[PDB]
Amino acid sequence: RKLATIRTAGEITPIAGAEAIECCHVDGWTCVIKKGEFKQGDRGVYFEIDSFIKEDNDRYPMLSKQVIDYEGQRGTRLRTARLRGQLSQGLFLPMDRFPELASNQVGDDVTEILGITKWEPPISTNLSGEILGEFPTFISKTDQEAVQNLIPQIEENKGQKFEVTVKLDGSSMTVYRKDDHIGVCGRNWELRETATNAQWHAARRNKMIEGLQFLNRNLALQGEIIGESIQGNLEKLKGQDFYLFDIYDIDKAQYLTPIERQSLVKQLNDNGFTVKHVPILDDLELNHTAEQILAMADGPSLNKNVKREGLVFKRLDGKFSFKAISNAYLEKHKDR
């Protein structure tokens, strides 16, 4: 959760037809600023897309016209937009308009002090219910940093090679085993086994619980549940199915390498435990810019006639991973 952070203004270029504004690079993000607002190297607060920013006309008067209603409280939800022909993602405001935060500097997460929350679409009914407890603390949650935020890491990972997978749009799902206990979790909570719960019901049609206890290992099968009712069903599936993308070694406190995972996925299907994996593409030796990685995000999804949300890259040592979301996808499904 780094929705509002203090960053450094990168390269600033003009925009033809209107010099009231200019285009300012913030790490891998691009963002339209008023002319005379930033100089290259200055510091400001960058608000990522999906930020929900409560209405304030001294601090956020440029969000005035897109103020909406969200959970009774009320402000502007930042999302991908084309302003005067220029693709613009996020918000970049200088430190002068935040007098209470001169004390901070680059890297500081100022989300909480600015009251920033995250907009989230209506999460469908069959994915939250009887909660047994918290997401196990001995299991890592399933978040992928955007490539736009890893500009130095991308260049220092030159030479490294990655497993490239399709980013399916559903919800994150974790089925795991610790000793005698097999469990089923959503994003932030372990759930109880009930009658129509999508996660638990998904985990039994593929018998992945009996596959985990068969492997006799403390592992965490983490994948994406997509299908009917879930996020518009972009792939046009029938029903709901689980598509694995990561396997967490509970005891070693690390993820399996993609080779370790691909060996475990086959071991499962060789023994009649039929699990699906997120679509696999050719592995990639990193050598590209952020903009050239993002240029690979668009393309066919699981349904090869629909355009995918993006891609996710996992270093073949299982230690470093990131996402790359199609910007065409974000413009098309503006409810995301």
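All residue numbers refer to positions in the sequence shown, first residue = 1.
- The stretch with the higher mean CA B factor, choosing between 198 to 206 and 165 to 173, is 198 to 206.
- For the pair 209 to 217 and 140 to 148, the record assigns the higher mean C-alpha temperature factor to 209 to 217.
- Take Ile182, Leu91, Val110, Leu83 and read off each C-alpha B-factor from the entry; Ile182 has the highest.
- Taking the deposited Cα B-factors for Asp27, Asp69, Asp270, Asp56, the highest one is held by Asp270.
- In the deposited entry, the Cα temperature factor of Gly10 sits in the bottom third of values across the chain's modelled residues.
- In the PDB entry, a CA B factor belonging to the highest third of its chain's modelled residues is recorded for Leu191.
- Ranked against the other modelled residues of its chain, the C-alpha B-factor of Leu244 as given in the entry falls in the lowest third.
- Per-chain ranking of the deposited C-alpha B factor places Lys34 in the middle third.
- In this PDB entry, the Cα temperature factor of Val275 sits in the top third of its chain's modelled residues, the highest group.
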